[PDB]
Amino acid sequence: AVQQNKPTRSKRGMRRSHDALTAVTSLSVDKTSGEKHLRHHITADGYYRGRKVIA
Amino acid sequence: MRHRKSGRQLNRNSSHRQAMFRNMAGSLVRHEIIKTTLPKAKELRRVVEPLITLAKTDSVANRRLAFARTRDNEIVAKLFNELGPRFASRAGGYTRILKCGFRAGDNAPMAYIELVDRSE
Amino acid sequence: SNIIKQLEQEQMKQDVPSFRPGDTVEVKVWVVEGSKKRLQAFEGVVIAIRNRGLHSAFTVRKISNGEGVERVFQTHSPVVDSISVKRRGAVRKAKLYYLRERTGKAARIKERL
Amino acid sequence: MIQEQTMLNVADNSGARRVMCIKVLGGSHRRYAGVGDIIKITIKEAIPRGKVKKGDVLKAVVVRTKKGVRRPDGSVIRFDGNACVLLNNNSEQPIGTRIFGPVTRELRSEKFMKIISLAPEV
Amino acid sequence: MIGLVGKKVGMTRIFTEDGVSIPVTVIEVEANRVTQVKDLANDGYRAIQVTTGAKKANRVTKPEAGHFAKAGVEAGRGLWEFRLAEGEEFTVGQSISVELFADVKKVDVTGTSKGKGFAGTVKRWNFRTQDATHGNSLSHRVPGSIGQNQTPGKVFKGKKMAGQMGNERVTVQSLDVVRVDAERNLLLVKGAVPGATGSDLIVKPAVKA
RNA sequence: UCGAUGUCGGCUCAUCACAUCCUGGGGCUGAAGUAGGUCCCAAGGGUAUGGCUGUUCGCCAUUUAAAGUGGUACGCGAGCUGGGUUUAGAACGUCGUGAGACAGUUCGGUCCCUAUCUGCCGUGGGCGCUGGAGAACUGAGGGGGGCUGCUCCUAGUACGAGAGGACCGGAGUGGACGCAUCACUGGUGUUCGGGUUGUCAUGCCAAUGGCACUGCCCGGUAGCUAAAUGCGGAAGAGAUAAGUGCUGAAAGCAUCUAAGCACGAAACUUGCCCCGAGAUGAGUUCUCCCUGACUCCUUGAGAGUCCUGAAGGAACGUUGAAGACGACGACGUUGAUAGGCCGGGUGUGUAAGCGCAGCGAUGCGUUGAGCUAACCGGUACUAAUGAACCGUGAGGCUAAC
RNA sequence: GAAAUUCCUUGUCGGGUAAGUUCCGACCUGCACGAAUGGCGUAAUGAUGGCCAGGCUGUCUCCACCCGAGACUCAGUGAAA
RNA sequence: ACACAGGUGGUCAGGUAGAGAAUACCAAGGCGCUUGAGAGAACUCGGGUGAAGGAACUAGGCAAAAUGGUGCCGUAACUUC
RNA sequence: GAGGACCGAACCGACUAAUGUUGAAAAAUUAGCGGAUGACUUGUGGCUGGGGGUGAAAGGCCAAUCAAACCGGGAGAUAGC
């Protein structure tokens, strides 16, 4: 329930081989306002798929 | 397991879950567009859309059915006198869901849900 | 699932009378002793109907020789020769499981008019 | 579904009122008895002048069961209580001379034909 | 002997006039179309690779849209293979019907069983539950001991622990063929076969027989 | 080992040995048969529930084919228990003047740990496998399984004096165990319908809603599930064990062995199912995909620009009888992927409102009505957006032609 | 009187149970009871010790399903031996 | 030691049920307990419900189930009445 | 109309079980449980002081400390470990 030996710099970074965040690299431009947005999300100004939805 | 089951529990007991959708169905009839989470929306679709199917036939026996599922007489009037005739020729799909991003306080995925006409 | 439906609806009988729970039916069943196919009767009260198309069943409960005997007949089965309603009971429930606890003038069912 | 410690009623006039199943016979680790199965019983309540007395250790065949039987049709015959016909240990024949209440025809085996030709129903 | 690939439609029953209800699993066995035969020379072994069903034109990818066009058959929802016994010889593009199973009387049905998820030792391995009461502290459906003391000093490879249950290929053998319907393309086999409704079943004849 | 390695028993979960308890194969028998006695071979699977006691044990009651013996810290407390022993209270007998003591009893008496590493069970990511990709395989190796009663025929025959009662060979049915599955029979079903008590609320009546463990209840769809129903433990081979042989000398006789050739068990290897090419010894098959310019230099080893981004993949979204998360699967408008909707089914059980009867509770009619979840069939109504992103440009150094 | 006391001891006999090292009734062979460190009874009383029975039940055979809180994923903060 | 599920004297004390300051639901009044969002694995807490059996569990009915109110009838051995 | 009477809240306790055991808490929570007109219970003052007190007696309690409290001193006791 507790370690017998302090793990190393090696094993601490080996565990964080999968802690690395994944960037999006998939921003989508809107066809009526040219805003980049998340795919299938509305824009910051409230356009979505060419239509003004939220305003 | 969970095979072929429906309904999100939403980390609520069944009474809180029933009272939360009674409120949230009331709010989608009031302002016709509300900003809720993405899993509380799509569960609101199973609540507010039978209310508009119910309001398509105006009768006393359905006005009290709508009142029993929406304990607010102002909602029952707008359902039957406004939203009923407005969705007369629509076969389902009275609401749409527009994902609007993430909540600041807890990173919850948010969405707008709104009636598909909104009459502007 | 029209495939199981067409496989089911070719085996259903066209001779199921419209009984309800509370009715007193008498169900003639075929029995083979060794080679004599005999037709014996089971006459009690319908206490439960399961409506499932081909998988429809109904439970008949009688008091035979001091004993409660329940019998869950599968209808649309070729062992049930005929079902015959002898009186119509007037109950407000679909499952009369409380008649296993009542026995006698307690278990009297008011006839349906 | 008669197992050990099951109190059964007595479907014959052999003297007993209540017996208790003290072994399900016919294979090791065997759990339940159906309506054709033989059980070792002890007599827990008898009538004062019968054939058997309270405390005898003998065999019985279960004839009525609240769990009930399963016909080839998928149909069930259940009963309101559990019953057995008390049998001799050595030559497993019925001790009694009458059979009270119905039986089912899961007993036609030509070891119980002096039960089918005694019982009122089936 | 070759199998056929089918789909679990569900379960129903047949009533013989004898009085028995035979529980069946309805298996839809559509026309399996041979896409590739195999030989001892080029491939090392003899088989046929069939396909069944119909896949839409925009989900079939180009490496398999060409593999189907080499045969001349349509697409399928998948490809499955069957080892050929040393007398039977098939042709590419031949459609095999459920008419194959006229004289078989007993089959083996393979399918992917229903996934139970991460099951526990009680559900997965029929471990016996410890006491619900009588003093027990937080240990009811836990497994108990997984080993010994110091002298093995390890758990043994193959220990029954909790893990993924179901979602696995399972073959049930020796199922009685009730009837073969050559016009609805149906095979009714007695009993239940692995898989849920809609899963792809692989029905070979019985090897044990 | 005293700078701590928690004792007996129980439970859970085991694992090995063989000096074998059952089942399998034999030799002898003071083996007629049936039952045995004994030894030999064999560890594949199986190998009781209870009463009493803290008990292990034991003794009893019933089983069973049998209830094996041992190892594993007298397996197993970072898995459980805490009855026993062995803290502090108290008492009895007993011993001491006494404090107190007793392998003497007797009641009472705190069992901690969020797992780093190994191990194990599952499940992914990376890279490799040498152009990339999509598949289907092969199967080296692993693993699972591997139990058995009883009846019937053989046949009341072989045997025996009779009593009794077979081998071998089939046939059927169970038991325990496993795998799968919900069609049935049921369980559950706080997402369905209804009854009902108290009380608050919707102005009130009537209708409803909240709260009281889902208020308490009666039913119950799908799913999940056993007690429910299917199936399975092979047969066959191959080598053998103990064993029995045949031929056959050394030893003109024999002799199963030395040359040779036969038979021979649930063990062994297969056959059955499953995993599996990270099998780095990285396999095979089919299909798909890309056949542009230049510039820079130590230079046969490349690097840098412009061009073109393929097959495919990923991401995203709708999701799933898939699932902890990843993964896996379906789908993405050339669309039934989910929600809705429509029809149906199912389950409840005759809604409300109205009318009538009655003093009223309430009944009756409209009416098997109305509601109806996860079901089935459909239906683009809503949402699944054009993109973009990753991955490139024909792939290093004998035979045939 | 084999007891809160009996080692041998699960004494022995009776009862209760299919079966009872516990219990109840005895017997007396009191290792090693005994008369105010009281002896024998004793109604009532007891969160007292032991035993039996009826009811009752997931205690169990043998567990299944469901409802919530965690576990699990995401975001924020952020220990411990 | 904490913005700590604990401790802390007295007073006031509405309605509807109810014997009641119990309890249930409410008023006046006060709050939603200073991390959320998902998901709906095992396992663990806290509950609900179970076919057939009913103590076979176990050291031991531990825990759970059950019983439960008012009125009336009726009630044993024993007893210090 | 008595009662160290009975049932049962406040209150005072603490029998059982589960949780908790780096807790919400250096003894608690949850469900049950005992007393509840009394040898009760509680507030506010007081008084008893360490070989001393107080004790319906457990070596109990005497400021989370008790077979001799705490603080300061002897004192850097001594320590064949």
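For the numbers below, each heavy atom of this structure counts, side chains included, while hydrogens, waters and symmetry mates do not. Quick note on labels: first sequence line is chain A, next is B, and so on, each numbered from 1.
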Worksheet item: Is F:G51 the Watson-Crick or G-U wobble partner of F:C256, both distances being under 3.5 Å?
Response: no
Discussion item. Using a 3.5 Å limit on both distances, is I:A31 in a Watson-Crick or G-U wobble pair with I:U16?
Written reply: yes
Practice prompt. Sort out the partner of H:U23 for me: Watson-Crick or G-U wobble, both distances under 3.5 Å, none otherwise.
Written response: H:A17
Worksheet item: Do F:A61 and F:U49 form a Watson-Crick or G-U wobble pair, with both donor-acceptor distances under 3.5 Å?
Response: yes
Discussion item. Need one value for C:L54: base, sugar-phosphate or nothing, where a base atom within 4.0 Å counts as base even if backbone is also close, heavy atoms only.
Written reply: nothing
Worksheet, complete the sentence: With syn meaning chi within 90° of zero and anything else anti, the base of G:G20 is anti
Worksheet item: Which one is paired to F:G365, where only Watson-Crick or G-U wobble pairs with both distances under 3.5 angstrom count?
Response: F:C354
Practice prompt. Check the chi torsion on F:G252 and let me know: syn if it falls within 90° of 0, anti if not.
Written response: syn
Item to complete: Give none if F:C107 has no partner; otherwise give the nucleotide forming a Watson-Crick or G-U wobble pair with it, both distances under 3.5 Å.
Response: F:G89
Discussion item. Roughly how many Å apart are F:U240 and F:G131, using the P atom of each and rounding to a whole number?
Written reply: 49 Å
Worksheet entry | Pair of N/O donor and acceptor under 3.5 Å linking H:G40 base with B:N11 side chain | yes
Worksheet entry | F:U385 base / A:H40 side chain donor-acceptor hit below 3.5 Å | yes
Worksheet item: Taking N and O atoms by type only, does the side chain of D:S28 place a donor or acceptor under 3.5 Å from a partner on the base of F:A66?
Response: yes
Worksheet item: Who does F:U334 pair with, Watson-Crick or G-U, both distances under 3.5 Å?
Response: none
